[PDB]
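In what follows, a structure is listed as structure tokens, so that the remarks can point back to it.
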Amino acid sequence: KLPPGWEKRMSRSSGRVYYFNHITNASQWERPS
């Protein structure tokens, strides 16, 4: 399970998975802590 704010997303252009944080609008390739 992911920390508050994060959701798993999928890149529509590369097909890769990434994480987006609704609270801080941060996004990153690596699953957060």
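In the structure tokens, the first chain shown is A, the next is B, and so on; residue numbers restart at 1 for each chain, and ligands run from 1 in the order shown.
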
If you count only C-alpha atoms, which residues fall within 12 Å of residue 1 of chain A, apart from same-chain ones fewer than 4 positions away, as a compact mmCIF listing (two decimals) with C-alpha atoms, in the first residue's frame?
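Here's the written file out-v7.txt:
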# COMPACT_ATOMS: atom_id res chain seq x y z
CA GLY A 5 -1.52 11.30 -1.89
CA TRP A 6 0.17 8.80 -4.21
CA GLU A 7 -1.41 6.89 -7.04
CA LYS A 8 0.06 4.43 -9.51
CA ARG A 31 7.48 3.58 -6.09
CA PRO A 32 7.60 5.89 -3.02
CA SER A 33 8.91 4.45 0.33

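The gap separating atom CA of residue 2 of chain A from atom CA of residue 26 of chain A is 14.3 Å, in Å to one decimal.
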
Pairwise distance for atom CA of residue 29 of chain A and atom CA of residue 10 of chain A, rounded to one decimal in Å: 10.1 Å

Spatial neighbours of residue 27 of chain A, 9 Å, only C-alpha atoms, chain gap at least 5 places, as JSON, numbers by chain: {"A": [6, 18, 19, 20, 21, 22]}

Mind dumping the selected residues with C-alpha atoms as a CSV table (one decimal), in the first residue's frame?
chain,number,residue,atom,x,y,z
A,6,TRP,CA,0.2,8.8,-4.2
A,18,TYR,CA,5.1,5.9,-12.5
A,19,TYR,CA,3.7,7.5,-9.3
A,20,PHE,CA,1.9,10.8,-8.9
A,21,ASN,CA,1.2,12.6,-5.7
A,22,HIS,CA,-2.1,14.5,-5.6

DSSP on the backbone: which residues in chain A end up as strand (DSSP E)? Give the answer as a short mmCIF file (atom, residue, chain, number, x, y, z; two decimals) with N, CA, C and O atoms, in the first residue's frame.
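Now in selection-v9.cif:
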data_model
loop_
_atom_site.label_atom_id
_atom_site.label_comp_id
_atom_site.auth_asym_id
_atom_site.auth_seq_id
_atom_site.Cartn_x
_atom_site.Cartn_y
_atom_site.Cartn_z
N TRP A 6 -0.40 9.48 -3.05
CA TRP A 6 0.17 8.80 -4.21
C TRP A 6 -0.82 7.96 -4.94
O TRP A 6 -1.67 7.33 -4.31
N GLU A 7 -0.73 7.93 -6.27
CA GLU A 7 -1.41 6.89 -7.04
C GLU A 7 -0.52 6.36 -8.13
O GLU A 7 0.33 7.09 -8.65
N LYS A 8 -0.69 5.08 -8.45
CA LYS A 8 0.06 4.43 -9.51
C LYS A 8 -0.50 4.93 -10.83
O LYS A 8 -1.71 5.00 -11.01
N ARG A 9 0.35 5.35 -11.74
CA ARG A 9 -0.18 5.77 -13.02
C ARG A 9 0.53 5.03 -14.14
O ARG A 9 1.51 4.30 -13.90
N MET A 10 0.05 5.21 -15.35
CA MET A 10 0.75 4.65 -16.46
C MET A 10 1.00 5.66 -17.54
O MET A 10 0.06 6.31 -18.00
N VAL A 17 5.21 2.45 -15.90
CA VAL A 17 4.50 2.82 -14.68
C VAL A 17 5.21 4.00 -13.98
O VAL A 17 6.42 4.16 -14.13
N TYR A 18 4.47 4.84 -13.27
CA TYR A 18 5.07 5.93 -12.47
C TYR A 18 4.11 6.33 -11.35
O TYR A 18 2.94 5.89 -11.34
N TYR A 19 4.57 7.16 -10.41
CA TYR A 19 3.74 7.51 -9.27
C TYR A 19 3.51 8.99 -9.28
O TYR A 19 4.40 9.73 -9.64
N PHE A 20 2.29 9.40 -8.95
CA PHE A 20 1.91 10.80 -8.92
C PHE A 20 1.30 11.09 -7.57
O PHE A 20 0.45 10.33 -7.07
N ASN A 21 1.72 12.20 -6.98
CA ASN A 21 1.23 12.61 -5.68
C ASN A 21 0.24 13.74 -5.81
O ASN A 21 0.60 14.85 -6.20
N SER A 27 5.76 13.92 -9.05
CA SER A 27 5.64 12.65 -9.74
C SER A 27 7.02 12.04 -9.84
O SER A 27 8.00 12.77 -9.87
N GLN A 28 7.13 10.72 -9.89
CA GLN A 28 8.43 10.08 -9.99
C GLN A 28 8.32 8.67 -10.56
O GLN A 28 7.23 8.08 -10.52
#
